[PDB]
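So this first bit is one chain, no partners, the form deposited in one PDB entry, shown in C-alpha cells.
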C-alpha cells in the first residue's frame, strides 16, 4: 500500500521527505517568481504544524526569500505517534537534513531560521550545532526556560519519576485562552484538525525538559545574528527566558522586542501586535539580505 499521512492522504500526492529513521515528513514551500536572495526554514511549535505560517511565509516570499518548512515528526501531516519523539535531537537532525537538501539545490544562498515556541528551541540547537553556517535567526517566544508553574524543581523530579513508571501517561491540555488575546485566533487554533490538543505525554514533557537543558548549555556558543520577539504576559514561555537569551548568547548581532501585555502567539495576537511583528521581521530580514 502507498504510505499515507495520518489524515489518509498518500505522500505521493504531497511534497515530502523521508527522515533518517525512515519516517515521512510533510514539506511546505513558498518559492518567489525570480531567483531568491536567500532561503529561510520555518520551525513550528509543539502540537501545531507548518500550515499555521502561511501569512508570515507569504510576507517573506514578497521579500524574495524562498521559504521552506516541514511538519516535525509526530505533528501535522508527518508520520509518528502524536507529540512523542525518541529524543529531542531528532527534530534538529531532521531540520539539518532539509536545510542540506535545499542548499544543494540553491548553492551560495544565505540560509535563515525562523522558530516559534518549541520550534524556537529547535532553531537555537540547529544554529548551535553548525556555528557560522546560518545568516540569522528570528525567534518568536522561543522555548528557553522551564515553565515557572508546571516545572518547579519538585515537578521536574516528579516528571522524571513518572517517566520511569508511566512514560505514556497523558497530562492535561493547556488552556487555549493563554495563547493569544485575539479571540478569533484562539477559535482558529481550537478548530484546526491538524493541531494536536490531546495533552502532553510524560515522555514528551521529559524531551521538552532535555530541550531547555540543551538550549542553556548551547547559549555560550551561540553566535548567529538574531531577532527575539517576546510577550510580557506569556504564561507558556516566560519572558525571563527571553532576557536570559539576550544576556548569555555570544552573538554580536542581537535584538529584543517586548510586547507589553501580549500572550504567547505573537504573530496571531491582537492586530496592533501582529502588524508590528510582521513589520519588525520584514525590516530585520530585508536589512540582512540583498
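Between two forms, the rigid core is the largest collection of C-alphas that superpose within 1.5 Å. Residue numbers count along the first chain shown, from 1. Only residues modelled in both forms are compared.
Although it is not shown, the form deposited in another entry is what the next lines describe.
Candidates 144, 92, 159, 208 - which moves between this form and the one not shown, C-alpha at least 2 Å, core fixed
Between the two forms, the residue that moves is 159.
Core-aligned, is the CA shift for residue 168 between this form and the one not shown 2 angstroms or more?
Yes, shifts by 2 Å or more.
Given that the CA-CA distance for residue 161 and residue 240 shifts by 3 Å or more in that other deposited form, does it become closer or farther?
Farther apart, by at least 3 Å.
Work out the direction of the Cα-Cα change for residue 236 and residue 158 in that other deposited form: closer or farther than in this form? It's 3 angstroms or more.
They are farther apart; the C-alpha distance rises by 3 Å or more in that other deposited form.
Large-shift segments between this form and the one not shown, meaning 3+ residue runs whose Cα move 2 Å or more when the rigid core is superposed
Flagged stretch (3+ res, CA at least 2 Å): just 148-168.
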